[PDB]
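The structure under discussion appears below in the form of structure tokens.
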Amino acid sequence: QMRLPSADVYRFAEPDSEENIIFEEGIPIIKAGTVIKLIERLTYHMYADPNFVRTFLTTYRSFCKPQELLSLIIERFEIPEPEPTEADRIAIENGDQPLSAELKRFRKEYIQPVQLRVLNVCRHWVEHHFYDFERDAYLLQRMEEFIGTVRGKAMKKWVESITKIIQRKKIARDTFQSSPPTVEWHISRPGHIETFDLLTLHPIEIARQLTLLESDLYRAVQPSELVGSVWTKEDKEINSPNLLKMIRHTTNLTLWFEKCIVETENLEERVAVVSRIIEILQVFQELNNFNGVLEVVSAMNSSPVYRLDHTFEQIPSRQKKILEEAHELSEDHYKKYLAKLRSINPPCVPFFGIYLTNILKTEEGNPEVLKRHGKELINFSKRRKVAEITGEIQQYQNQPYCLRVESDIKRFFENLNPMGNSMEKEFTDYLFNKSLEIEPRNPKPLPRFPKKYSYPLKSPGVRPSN
Ligand SMILES: CNCc1ccccc1-c1csc([C@@H](C)Nc2nc(C)nc3cc(OC)c(OC)cc23)c1
């Protein structure tokens, strides 16, 4: 204990107690602690702790700023050495070499291990969370000065290693196993972008290109974008850019499906529209794009659409069953969805919405801090829980599809803007009022509306042309 530095010269060597660090229930699992005690354990002298390092660096922004973290780990690194013993003081003032038995042991067993673990944190930080340094150039400048002024022979390996990663990540900012299938076309010709629409593009190719787009959006989301509900906080655009792209696509696609349905006023044409969206669902199913399946389900369950009982009546029984089964994936807390996801073979796109729901429940169901003996301790178990949910996301992020990109169709779906200049709440009110117009509530009769589509409504089907 007293081999470690005193509190007046070093902040990371206070003894553990119930009022600064708590454990759960082998390396021990940290339940809670002060940021200082978290940093101490993040760079503990007795052993490496890769699980804690990973979980810490994913979740630390919910209790500590990047700049503050960098200051703390540098402070941890700057360990003062103990004074020479009385015999060695006498040796030094006589011009001789001191024994320095404890000093040498302390360097070997405490200073050197801790410093190596600070550099390990730096390496993991730049490798797996380089976006911190991209968003804050001053933070990177601080890291490079720190790493550049480290001195040592054991240390230089780690320095070069860390510098190696920093350069790859800067250079990044400046495939296909088999042959993919033929790109399917229906009414719209290749290049004639002005005619691209729900019924004119081939439903297979709609599902394929949306799956490519959604796969890409799924794979770009970093775990830290979900932590501490930061995508709902005021800094959402900087902290959760990829997450917000995913959410906005889902909103635009879902609301586009609804718009296509309710703005098709002719009953028989609207049946064709609903039927084509179910075919797009079928192809999402074939591709294991569960995100896409549940986007269609979401549109079909929306207030404006779900009430359109005259439309659904004409949908063939086989398509009815496909849509009904898709809904049932969501019943009993996504029981059948989860059973489906663990059974299928790659590639897939998981339903992203369920992670957000479960993370929000975890964030709202657990406190930010714990209290022991009148002192606040950061609730790290809360963060680990959230990190475990983000871990589930990550395990499906390296599943590329063997499908050819079609740049014009991709762009059409990237540029979907069903709301126009309207806000969402007012737009869904408009969709609902449209639904009341096309199929009035039960006492009123059902009026007829003229056709809007000049081209054939017959679907080309969902079986691919080899
Ligand atoms: C009654 N409206 C039927 C309807 C008209 C227009 C277009 C689509 C459809 C359509 C037919 S089945 C369906 C799917 C997506 N949804 C559902 N499926 C099943 C089996 N059960 C549900 C049970 C629900 O609450 C108890 C529910 O609440 C939203 C949705 C369910 C949607």
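Identifiers in the structure tokens: chain A, B, ... in order shown; residue index from 1 per chain; ligand index from 1 in order shown.
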Could you please write out, as a JSON list (two decimals) with N, CA and C atoms, in the first residue's frame, every residue of range 288-461 of chain A that DSSP assigns to helix (DSSP H, G or I)?
[["chain", "number", "residue", "atom", "x", "y", "z"],
["A", 290, "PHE", "N", -34.49, -8.17, -42.46],
["A", 290, "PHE", "CA", -35.54, -8.05, -41.44],
["A", 290, "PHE", "C", -35.88, -6.59, -41.15],
["A", 291, "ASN", "N", -34.90, -5.70, -41.26],
["A", 291, "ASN", "CA", -35.15, -4.26, -41.18],
["A", 291, "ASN", "C", -36.21, -3.80, -42.19],
["A", 292, "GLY", "N", -36.07, -4.23, -43.44],
["A", 292, "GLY", "CA", -37.02, -3.93, -44.51],
["A", 292, "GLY", "C", -38.39, -4.57, -44.33],
["A", 293, "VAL", "N", -38.42, -5.82, -43.89],
["A", 293, "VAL", "CA", -39.68, -6.51, -43.61],
["A", 293, "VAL", "C", -40.49, -5.72, -42.59],
["A", 294, "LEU", "N", -39.83, -5.32, -41.51],
["A", 294, "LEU", "CA", -40.49, -4.62, -40.42],
["A", 294, "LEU", "C", -40.78, -3.14, -40.71],
["A", 295, "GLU", "N", -40.08, -2.55, -41.68],
["A", 295, "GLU", "CA", -40.48, -1.26, -42.25],
["A", 295, "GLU", "C", -41.82, -1.35, -43.00],
["A", 296, "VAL", "N", -42.01, -2.41, -43.79],
["A", 296, "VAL", "CA", -43.28, -2.62, -44.50],
["A", 296, "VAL", "C", -44.41, -2.85, -43.48],
["A", 297, "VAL", "N", -44.15, -3.72, -42.50],
["A", 297, "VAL", "CA", -45.07, -4.00, -41.40],
["A", 297, "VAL", "C", -45.50, -2.69, -40.70],
["A", 298, "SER", "N", -44.51, -1.85, -40.41],
["A", 298, "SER", "CA", -44.75, -0.55, -39.79],
["A", 298, "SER", "C", -45.70, 0.32, -40.63],
["A", 299, "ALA", "N", -45.47, 0.37, -41.95],
["A", 299, "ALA", "CA", -46.36, 1.12, -42.86],
["A", 299, "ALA", "C", -47.78, 0.56, -42.91],
["A", 300, "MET", "N", -47.89, -0.76, -42.94],
["A", 300, "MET", "CA", -49.20, -1.43, -43.01],
["A", 300, "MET", "C", -49.99, -1.31, -41.70],
["A", 301, "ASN", "N", -49.28, -1.16, -40.57],
["A", 301, "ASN", "CA", -49.91, -0.93, -39.26],
["A", 301, "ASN", "C", -50.24, 0.52, -38.92],
["A", 303, "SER", "N", -51.86, 4.23, -38.75],
["A", 303, "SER", "CA", -53.27, 4.66, -38.69],
["A", 303, "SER", "C", -53.93, 4.80, -40.06],
["A", 304, "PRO", "N", -53.28, 5.51, -41.01],
["A", 304, "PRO", "CA", -53.91, 5.70, -42.32],
["A", 304, "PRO", "C", -54.14, 4.42, -43.13],
["A", 305, "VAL", "N", -53.22, 3.46, -43.03],
["A", 305, "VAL", "CA", -53.24, 2.25, -43.87],
["A", 305, "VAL", "C", -54.04, 1.13, -43.23],
["A", 306, "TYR", "N", -53.81, 0.87, -41.95],
["A", 306, "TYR", "CA", -54.38, -0.30, -41.27],
["A", 306, "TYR", "C", -55.91, -0.33, -41.29],
["A", 309, "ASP", "N", -59.81, -1.37, -44.94],
["A", 309, "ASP", "CA", -60.27, -2.77, -44.97],
["A", 309, "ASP", "C", -60.84, -3.21, -46.32],
["A", 310, "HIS", "N", -61.38, -2.28, -47.11],
["A", 310, "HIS", "CA", -61.80, -2.58, -48.48],
["A", 310, "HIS", "C", -60.60, -2.94, -49.37],
["A", 311, "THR", "N", -59.46, -2.31, -49.12],
["A", 311, "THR", "CA", -58.25, -2.58, -49.88],
["A", 311, "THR", "C", -57.71, -3.97, -49.54],
["A", 312, "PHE", "N", -57.51, -4.24, -48.25],
["A", 312, "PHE", "CA", -56.95, -5.53, -47.81],
["A", 312, "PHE", "C", -57.83, -6.74, -48.15],
["A", 313, "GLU", "N", -59.15, -6.53, -48.22],
["A", 313, "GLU", "CA", -60.10, -7.58, -48.62],
["A", 313, "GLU", "C", -59.77, -8.20, -49.98],
["A", 317, "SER", "N", -55.18, -14.31, -50.65],
["A", 317, "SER", "CA", -54.97, -14.99, -49.35],
["A", 317, "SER", "C", -53.51, -15.33, -49.03],
["A", 318, "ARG", "N", -52.73, -15.67, -50.06],
["A", 318, "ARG", "CA", -51.31, -15.99, -49.89],
["A", 318, "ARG", "C", -50.52, -14.76, -49.43],
["A", 319, "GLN", "N", -50.82, -13.60, -50.02],
["A", 319, "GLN", "CA", -50.20, -12.33, -49.63],
["A", 319, "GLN", "C", -50.67, -11.85, -48.27],
["A", 320, "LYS", "N", -51.96, -12.05, -47.97],
["A", 320, "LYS", "CA", -52.49, -11.78, -46.63],
["A", 320, "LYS", "C", -51.66, -12.49, -45.56],
["A", 321, "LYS", "N", -51.46, -13.80, -45.75],
["A", 321, "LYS", "CA", -50.72, -14.66, -44.81],
["A", 321, "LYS", "C", -49.26, -14.22, -44.65],
["A", 322, "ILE", "N", -48.64, -13.77, -45.74],
["A", 322, "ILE", "CA", -47.27, -13.28, -45.70],
["A", 322, "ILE", "C", -47.17, -12.00, -44.85],
["A", 323, "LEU", "N", -48.11, -11.09, -45.02],
["A", 323, "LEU", "CA", -48.12, -9.85, -44.24],
["A", 323, "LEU", "C", -48.44, -10.11, -42.76],
["A", 324, "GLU", "N", -49.44, -10.96, -42.51],
["A", 324, "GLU", "CA", -49.81, -11.35, -41.15],
["A", 324, "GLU", "C", -48.66, -12.04, -40.40],
["A", 325, "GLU", "N", -47.96, -12.96, -41.07],
["A", 325, "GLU", "CA", -46.78, -13.62, -40.48],
["A", 325, "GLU", "C", -45.65, -12.64, -40.18],
["A", 326, "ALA", "N", -45.47, -11.65, -41.05],
["A", 326, "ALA", "CA", -44.46, -10.61, -40.82],
["A", 326, "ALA", "C", -44.74, -9.81, -39.54],
["A", 327, "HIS", "N", -46.01, -9.44, -39.33],
["A", 327, "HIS", "CA", -46.41, -8.77, -38.08],
["A", 327, "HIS", "C", -46.08, -9.62, -36.86],
["A", 328, "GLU", "N", -46.41, -10.90, -36.96],
["A", 328, "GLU", "CA", -46.24, -11.84, -35.85],
["A", 328, "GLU", "C", -44.78, -12.02, -35.40],
["A", 331, "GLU", "N", -44.60, -9.88, -32.25],
["A", 331, "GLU", "CA", -45.43, -10.20, -31.08],
["A", 331, "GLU", "C", -44.61, -10.81, -29.95],
["A", 332, "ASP", "N", -45.06, -10.59, -28.71],
["A", 332, "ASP", "CA", -44.39, -11.09, -27.51],
["A", 332, "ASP", "C", -42.91, -10.68, -27.47],
["A", 333, "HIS", "N", -42.67, -9.38, -27.57],
["A", 333, "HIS", "CA", -41.32, -8.80, -27.51],
["A", 333, "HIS", "C", -40.37, -9.39, -28.56],
["A", 334, "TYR", "N", -40.84, -9.44, -29.80],
["A", 334, "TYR", "CA", -40.05, -9.90, -30.95],
["A", 334, "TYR", "C", -39.52, -11.34, -30.84],
["A", 335, "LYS", "N", -40.30, -12.22, -30.21],
["A", 335, "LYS", "CA", -39.92, -13.62, -29.96],
["A", 335, "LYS", "C", -39.58, -14.38, -31.24],
["A", 336, "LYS", "N", -40.50, -14.36, -32.20],
["A", 336, "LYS", "CA", -40.30, -15.05, -33.48],
["A", 336, "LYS", "C", -39.25, -14.37, -34.36],
["A", 337, "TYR", "N", -39.15, -13.04, -34.31],
["A", 337, "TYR", "CA", -38.06, -12.33, -34.99],
["A", 337, "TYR", "C", -36.69, -12.82, -34.50],
["A", 338, "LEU", "N", -36.50, -12.83, -33.18],
["A", 338, "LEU", "CA", -35.23, -13.27, -32.58],
["A", 338, "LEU", "C", -34.95, -14.74, -32.91],
["A", 339, "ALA", "N", -35.96, -15.59, -32.85],
["A", 339, "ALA", "CA", -35.80, -16.99, -33.29],
["A", 339, "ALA", "C", -35.38, -17.08, -34.76],
["A", 340, "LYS", "N", -35.95, -16.22, -35.61],
["A", 340, "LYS", "CA", -35.59, -16.18, -37.04],
["A", 340, "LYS", "C", -34.15, -15.71, -37.27],
["A", 341, "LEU", "N", -33.74, -14.69, -36.52],
["A", 341, "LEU", "CA", -32.41, -14.09, -36.68],
["A", 341, "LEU", "C", -31.25, -15.01, -36.27],
["A", 342, "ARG", "N", -31.43, -15.77, -35.19],
["A", 342, "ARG", "CA", -30.40, -16.71, -34.71],
["A", 342, "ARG", "C", -30.30, -17.97, -35.59],
["A", 343, "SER", "N", -31.35, -18.28, -36.35],
["A", 343, "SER", "CA", -31.39, -19.48, -37.21],
["A", 343, "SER", "C", -30.85, -19.29, -38.63],
["A", 353, "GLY", "N", -34.64, -1.14, -35.22],
["A", 353, "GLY", "CA", -35.54, -0.52, -34.25],
["A", 353, "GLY", "C", -35.58, -1.12, -32.86],
["A", 354, "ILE", "N", -35.47, -2.45, -32.77],
["A", 354, "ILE", "CA", -35.55, -3.16, -31.48],
["A", 354, "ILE", "C", -34.38, -2.84, -30.55],
["A", 355, "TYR", "N", -33.19, -2.59, -31.11],
["A", 355, "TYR", "CA", -32.02, -2.18, -30.30],
["A", 355, "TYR", "C", -32.24, -0.80, -29.65],
["A", 356, "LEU", "N", -32.79, 0.14, -30.41],
["A", 356, "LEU", "CA", -33.10, 1.48, -29.89],
["A", 356, "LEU", "C", -34.13, 1.42, -28.76],
["A", 357, "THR", "N", -35.16, 0.60, -28.95],
["A", 357, "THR", "CA", -36.20, 0.42, -27.94],
["A", 357, "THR", "C", -35.60, -0.15, -26.66],
["A", 358, "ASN", "N", -34.79, -1.20, -26.78],
["A", 358, "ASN", "CA", -34.19, -1.85, -25.61],
["A", 358, "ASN", "C", -33.10, -1.00, -24.93],
["A", 359, "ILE", "N", -32.33, -0.26, -25.72],
["A", 359, "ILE", "CA", -31.36, 0.69, -25.16],
["A", 359, "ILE", "C", -32.08, 1.80, -24.39],
["A", 360, "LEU", "N", -33.16, 2.35, -24.95],
["A", 360, "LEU", "CA", -33.94, 3.39, -24.27],
["A", 360, "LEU", "C", -34.52, 2.89, -22.95],
["A", 361, "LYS", "N", -35.02, 1.65, -22.95],
["A", 361, "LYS", "CA", -35.52, 1.02, -21.73],
["A", 361, "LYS", "C", -34.43, 0.89, -20.68],
["A", 362, "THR", "N", -33.25, 0.45, -21.11],
["A", 362, "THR", "CA", -32.10, 0.32, -20.22],
["A", 362, "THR", "C", -31.67, 1.69, -19.66],
["A", 363, "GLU", "N", -31.61, 2.71, -20.53],
["A", 363, "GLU", "CA", -31.21, 4.07, -20.12],
["A", 363, "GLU", "C", -32.19, 4.68, -19.11],
["A", 364, "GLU", "N", -33.48, 4.49, -19.36],
["A", 364, "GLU", "CA", -34.53, 5.04, -18.49],
["A", 364, "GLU", "C", -34.78, 4.20, -17.24],
["A", 365, "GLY", "N", -34.43, 2.91, -17.28],
["A", 365, "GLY", "CA", -34.69, 1.98, -16.17],
["A", 365, "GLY", "C", -33.59, 1.84, -15.14],
["A", 380, "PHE", "N", -21.49, 2.12, -13.66],
["A", 380, "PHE", "CA", -20.84, 1.53, -14.83],
["A", 380, "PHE", "C", -21.61, 0.31, -15.36],
["A", 381, "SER", "N", -22.19, -0.49, -14.47],
["A", 381, "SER", "CA", -23.05, -1.62, -14.88],
["A", 381, "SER", "C", -24.15, -1.22, -15.86],
["A", 382, "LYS", "N", -24.71, -0.02, -15.68],
["A", 382, "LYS", "CA", -25.68, 0.55, -16.63],
["A", 382, "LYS", "C", -25.06, 0.65, -18.03],
["A", 383, "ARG", "N", -23.85, 1.20, -18.09],
["A", 383, "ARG", "CA", -23.13, 1.36, -19.36],
["A", 383, "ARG", "C", -22.78, 0.01, -19.99],
["A", 384, "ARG", "N", -22.34, -0.95, -19.17],
["A", 384, "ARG", "CA", -22.02, -2.29, -19.66],
["A", 384, "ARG", "C", -23.23, -2.98, -20.30],
["A", 385, "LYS", "N", -24.37, -2.87, -19.63],
["A", 385, "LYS", "CA", -25.66, -3.35, -20.16],
["A", 385, "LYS", "C", -25.94, -2.80, -21.56],
["A", 386, "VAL", "N", -25.83, -1.48, -21.70],
["A", 386, "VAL", "CA", -26.05, -0.83, -22.99],
["A", 386, "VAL", "C", -25.00, -1.30, -24.00],
["A", 387, "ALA", "N", -23.74, -1.39, -23.56],
["A", 387, "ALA", "CA", -22.65, -1.87, -24.42],
["A", 387, "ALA", "C", -22.89, -3.30, -24.93],
["A", 388, "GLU", "N", -23.47, -4.15, -24.08],
["A", 388, "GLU", "CA", -23.83, -5.51, -24.48],
["A", 388, "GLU", "C", -24.88, -5.54, -25.60],
["A", 389, "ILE", "N", -25.84, -4.62, -25.56],
["A", 389, "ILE", "CA", -26.84, -4.50, -26.62],
["A", 389, "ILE", "C", -26.19, -4.02, -27.91],
["A", 390, "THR", "N", -25.27, -3.05, -27.82],
["A", 390, "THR", "CA", -24.53, -2.60, -29.00],
["A", 390, "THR", "C", -23.60, -3.69, -29.56],
["A", 391, "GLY", "N", -23.07, -4.54, -28.68],
["A", 391, "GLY", "CA", -22.31, -5.72, -29.10],
["A", 391, "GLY", "C", -23.09, -6.65, -30.01],
["A", 392, "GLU", "N", -24.38, -6.83, -29.71],
["A", 392, "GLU", "CA", -25.27, -7.62, -30.57],
["A", 392, "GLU", "C", -25.40, -7.01, -31.97],
["A", 393, "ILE", "N", -25.49, -5.68, -32.04],
["A", 393, "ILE", "CA", -25.55, -4.97, -33.33],
["A", 393, "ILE", "C", -24.31, -5.28, -34.17],
["A", 394, "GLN", "N", -23.14, -5.15, -33.55],
["A", 394, "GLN", "CA", -21.86, -5.26, -34.25],
["A", 394, "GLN", "C", -21.62, -6.62, -34.90],
["A", 407, "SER", "N", -26.92, 2.64, -59.60],
["A", 407, "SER", "CA", -26.70, 3.98, -59.04],
["A", 407, "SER", "C", -27.93, 4.88, -59.09],
["A", 408, "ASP", "N", -28.71, 4.80, -60.17],
["A", 408, "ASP", "CA", -29.92, 5.63, -60.31],
["A", 408, "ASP", "C", -31.04, 5.21, -59.34],
["A", 409, "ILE", "N", -31.24, 3.91, -59.16],
["A", 409, "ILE", "CA", -32.27, 3.41, -58.24],
["A", 409, "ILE", "C", -31.88, 3.72, -56.78],
["A", 410, "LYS", "N", -30.60, 3.52, -56.46],
["A", 410, "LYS", "CA", -30.04, 3.91, -55.16],
["A", 410, "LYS", "C", -30.35, 5.37, -54.82],
["A", 411, "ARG", "N", -30.07, 6.25, -55.77],
["A", 411, "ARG", "CA", -30.26, 7.69, -55.58],
["A", 411, "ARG", "C", -31.74, 8.05, -55.39],
["A", 412, "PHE", "N", -32.61, 7.40, -56.16],
["A", 412, "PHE", "CA", -34.06, 7.58, -56.02],
["A", 412, "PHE", "C", -34.52, 7.29, -54.59],
["A", 413, "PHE", "N", -34.02, 6.20, -54.01],
["A", 413, "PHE", "CA", -34.36, 5.84, -52.63],
["A", 413, "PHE", "C", -33.64, 6.67, -51.56],
["A", 414, "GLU", "N", -32.43, 7.13, -51.86],
["A", 414, "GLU", "CA", -31.72, 8.08, -50.99],
["A", 414, "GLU", "C", -32.39, 9.46, -50.94],
["A", 424, "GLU", "N", -43.50, 15.95, -39.56],
["A", 424, "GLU", "CA", -44.03, 14.57, -39.57],
["A", 424, "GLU", "C", -45.43, 14.44, -38.98],
["A", 425, "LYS", "N", -45.66, 15.06, -37.82],
["A", 425, "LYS", "CA", -46.97, 14.98, -37.14],
["A", 425, "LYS", "C", -48.10, 15.50, -38.03],
["A", 426, "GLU", "N", -47.88, 16.65, -38.66],
["A", 426, "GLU", "CA", -48.87, 17.24, -39.56],
["A", 426, "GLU", "C", -49.03, 16.41, -40.84],
["A", 427, "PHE", "N", -47.93, 15.83, -41.32],
["A", 427, "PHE", "CA", -47.98, 14.97, -42.50],
["A", 427, "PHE", "C", -48.77, 13.67, -42.23],
["A", 428, "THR", "N", -48.56, 13.04, -41.08],
["A", 428, "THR", "CA", -49.34, 11.84, -40.72],
["A", 428, "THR", "C", -50.83, 12.17, -40.49],
["A", 429, "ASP", "N", -51.12, 13.37, -39.97],
["A", 429, "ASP", "CA", -52.50, 13.88, -39.93],
["A", 429, "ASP", "C", -53.11, 13.99, -41.34],
["A", 430, "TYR", "N", -52.33, 14.52, -42.29],
["A", 430, "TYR", "CA", -52.75, 14.59, -43.69],
["A", 430, "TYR", "C", -53.02, 13.20, -44.29],
["A", 431, "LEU", "N", -52.09, 12.27, -44.08],
["A", 431, "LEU", "CA", -52.28, 10.88, -44.54],
["A", 431, "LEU", "C", -53.56, 10.27, -43.97],
["A", 432, "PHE", "N", -53.79, 10.48, -42.67],
["A", 432, "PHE", "CA", -54.99, 9.97, -42.00],
["A", 432, "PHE", "C", -56.27, 10.56, -42.61],
["A", 433, "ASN", "N", -56.29, 11.88, -42.78],
["A", 433, "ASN", "CA", -57.43, 12.55, -43.43],
["A", 433, "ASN", "C", -57.65, 12.06, -44.86],
["A", 434, "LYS", "N", -56.57, 11.79, -45.59],
["A", 434, "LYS", "CA", -56.67, 11.15, -46.91],
["A", 434, "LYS", "C", -57.30, 9.77, -46.83],
["A", 435, "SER", "N", -56.90, 8.98, -45.83],
["A", 435, "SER", "CA", -57.49, 7.66, -45.59],
["A", 435, "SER", "C", -59.00, 7.74, -45.34],
["A", 436, "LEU", "N", -59.43, 8.74, -44.57],
["A", 436, "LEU", "CA", -60.87, 8.98, -44.34],
["A", 436, "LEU", "C", -61.60, 9.34, -45.63],
["A", 437, "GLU", "N", -60.96, 10.12, -46.50],
["A", 437, "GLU", "CA", -61.54, 10.47, -47.80],
["A", 437, "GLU", "C", -61.77, 9.24, -48.70],
["A", 438, "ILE", "N", -60.73, 8.43, -48.88],
["A", 438, "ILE", "CA", -60.79, 7.29, -49.81],
["A", 438, "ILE", "C", -61.64, 6.10, -49.31]]
Contact residues around residue 70 in chain A with only C-alpha atoms at 12 Å, ignoring same-chain residues under 6 positions, as a PyMOL selection string
chain A and resi 39+57+60-61+64+76-77+118-119+121-122+125-126+132-133+138-147
Can I get the selection written as a CSV table (one decimal), in the first residue's frame, with N, CA, C and O atoms?
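File result09.csv, as written:
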chain,number,residue,atom,x,y,z
A,39,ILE,N,-10.6,5.2,-14.0
A,39,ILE,CA,-9.4,5.4,-14.7
A,39,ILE,C,-8.3,4.5,-14.2
A,39,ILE,O,-7.5,3.9,-14.9
A,57,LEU,N,-14.3,2.4,-23.3
A,57,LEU,CA,-14.1,3.3,-24.5
A,57,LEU,C,-15.3,3.4,-25.4
A,57,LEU,O,-15.5,4.4,-26.1
A,60,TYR,N,-17.7,5.8,-22.3
A,60,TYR,CA,-17.2,6.8,-21.4
A,60,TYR,C,-17.8,8.2,-21.7
A,60,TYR,O,-17.9,9.0,-20.7
A,61,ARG,N,-18.3,8.5,-22.9
A,61,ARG,CA,-18.8,9.8,-23.3
A,61,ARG,C,-20.1,10.2,-22.5
A,61,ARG,O,-20.5,11.3,-22.5
A,64,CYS,N,-18.0,11.4,-19.1
A,64,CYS,CA,-16.7,12.0,-19.2
A,64,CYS,C,-16.4,12.5,-20.6
A,64,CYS,O,-16.6,11.7,-21.6
A,76,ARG,N,-2.5,9.9,-15.0
A,76,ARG,CA,-2.2,8.5,-14.6
A,76,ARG,C,-0.8,8.1,-15.0
A,76,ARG,O,-0.2,7.4,-14.2
A,77,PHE,N,-0.4,8.5,-16.2
A,77,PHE,CA,0.9,8.1,-16.7
A,77,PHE,C,2.1,8.8,-16.0
A,77,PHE,O,3.1,8.2,-15.8
A,118,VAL,N,-1.7,2.7,-20.0
A,118,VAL,CA,-2.1,4.0,-20.6
A,118,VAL,C,-1.9,4.0,-22.1
A,118,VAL,O,-2.9,4.4,-22.8
A,119,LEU,N,-0.8,3.5,-22.6
A,119,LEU,CA,-0.6,3.4,-24.1
A,119,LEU,C,-1.5,2.4,-24.7
A,119,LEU,O,-1.9,2.7,-25.9
A,121,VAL,N,-4.6,1.8,-23.8
A,121,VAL,CA,-5.8,2.6,-23.9
A,121,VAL,C,-5.8,3.5,-25.1
A,121,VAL,O,-6.7,3.6,-25.9
A,122,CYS,N,-4.6,4.2,-25.2
A,122,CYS,CA,-4.5,5.1,-26.4
A,122,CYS,C,-4.6,4.4,-27.7
A,122,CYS,O,-5.2,4.9,-28.7
A,125,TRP,N,-8.2,3.3,-28.3
A,125,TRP,CA,-8.9,4.6,-28.5
A,125,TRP,C,-8.8,5.0,-30.0
A,125,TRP,O,-9.9,5.2,-30.6
A,126,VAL,N,-7.6,5.1,-30.5
A,126,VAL,CA,-7.4,5.5,-31.9
A,126,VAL,C,-7.9,4.4,-32.9
A,126,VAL,O,-8.3,4.7,-34.0
A,132,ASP,N,-13.7,10.3,-32.5
A,132,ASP,CA,-13.4,11.3,-31.5
A,132,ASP,C,-12.3,12.3,-32.0
A,132,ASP,O,-12.5,13.5,-31.8
A,133,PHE,N,-11.3,11.8,-32.6
A,133,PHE,CA,-10.2,12.6,-33.0
A,133,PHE,C,-10.5,13.3,-34.3
A,133,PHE,O,-10.0,14.4,-34.6
A,138,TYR,N,-8.0,19.3,-32.1
A,138,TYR,CA,-7.2,19.7,-30.9
A,138,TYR,C,-6.9,18.5,-30.0
A,138,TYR,O,-5.8,18.3,-29.5
A,139,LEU,N,-7.9,17.6,-29.9
A,139,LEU,CA,-7.7,16.3,-29.1
A,139,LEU,C,-6.6,15.4,-29.8
A,139,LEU,O,-5.8,14.8,-29.1
A,140,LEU,N,-6.6,15.4,-31.1
A,140,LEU,CA,-5.6,14.6,-31.9
A,140,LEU,C,-4.2,15.2,-31.7
A,140,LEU,O,-3.3,14.5,-31.5
A,141,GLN,N,-4.2,16.6,-31.8
A,141,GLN,CA,-2.9,17.3,-31.6
A,141,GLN,C,-2.4,17.0,-30.2
A,141,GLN,O,-1.1,16.8,-30.0
A,142,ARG,N,-3.2,17.0,-29.2
A,142,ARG,CA,-2.8,16.6,-27.8
A,142,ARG,C,-2.3,15.2,-27.7
A,142,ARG,O,-1.3,14.9,-27.0
A,143,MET,N,-3.0,14.2,-28.4
A,143,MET,CA,-2.6,12.8,-28.3
A,143,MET,C,-1.2,12.7,-29.0
A,143,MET,O,-0.4,12.0,-28.4
A,144,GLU,N,-1.0,13.3,-30.1
A,144,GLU,CA,0.2,13.2,-30.9
A,144,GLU,C,1.4,13.8,-30.2
A,144,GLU,O,2.6,13.3,-30.3
A,145,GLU,N,1.2,14.9,-29.4
A,145,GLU,CA,2.3,15.5,-28.6
A,145,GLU,C,2.6,14.6,-27.4
A,145,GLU,O,3.8,14.4,-27.1
A,146,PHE,N,1.6,14.0,-26.8
A,146,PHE,CA,1.8,13.1,-25.7
A,146,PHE,C,2.6,11.8,-26.1
A,146,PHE,O,3.6,11.5,-25.5
A,147,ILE,N,2.1,11.2,-27.2
A,147,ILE,CA,2.7,10.0,-27.7
A,147,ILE,C,4.1,10.3,-28.3
A,147,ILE,O,5.0,9.4,-28.2
For residue 85 in chain A: contacts at 12 Å, only C-alpha atoms, fewer than 4 positions along chain excluded, given as a CSV table (one decimal) with C-alpha atoms, in the first residue's frame:
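Result file result_32.csv:
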chain,number,residue,atom,x,y,z
A,89,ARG,CA,20.8,9.4,0.2
A,90,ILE,CA,24.2,9.0,1.9
A,91,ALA,CA,25.5,7.0,-1.1
A,92,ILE,CA,24.3,9.6,-3.6
A,98,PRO,CA,22.7,3.9,-4.7
A,99,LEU,CA,21.2,0.4,-4.3
A,100,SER,CA,17.7,1.7,-5.0
A,101,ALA,CA,16.1,-1.7,-4.3
A,102,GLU,CA,12.5,-0.4,-3.7
A,103,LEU,CA,12.8,2.3,-6.4
Which polymer residues have any atom within 6 Å of an atom of residue 162 in chain A, counting only C-alpha atoms, with same-chain residues fewer than 3 positions away left out, as a PyMOL selection string? chain A and resi 123+159+165
What would the file look like if the residues just selected were written as a PDB file, in the first residue's frame with C-alpha atoms?
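Writing the result to out.pdb gives the following:
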ATOM      1  CA  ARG A 123      -4.085   2.322 -29.023  1.00  0.00           C
ATOM      2  CA  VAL A 159       4.386   4.523 -29.785  1.00  0.00           C
ATOM      3  CA  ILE A 165      -2.953   3.385 -36.627  1.00  0.00           C
TER       4      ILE A 165
END
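Using only C-alpha atoms, the shortest contact distance between residue 199 in chain A and any of A:52, A:12, A:352, A:455 is found at A:455.
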task = For residue 131 in chain A, list every protein, DNA or RNA residue within 12 Å, evaluated using only C-alpha atoms, and leave out those in the same chain fewer than 2 positions away; present the list as JSON, numbers by chain.
result = {"A": [58, 66, 125, 126, 127, 128, 129, 133, 134, 135, 136, 137, 139, 140, 166, 169, 170, 172, 173, 220, 221, 222, 223, 224, 225, 238, 239, 240, 241, 242]}
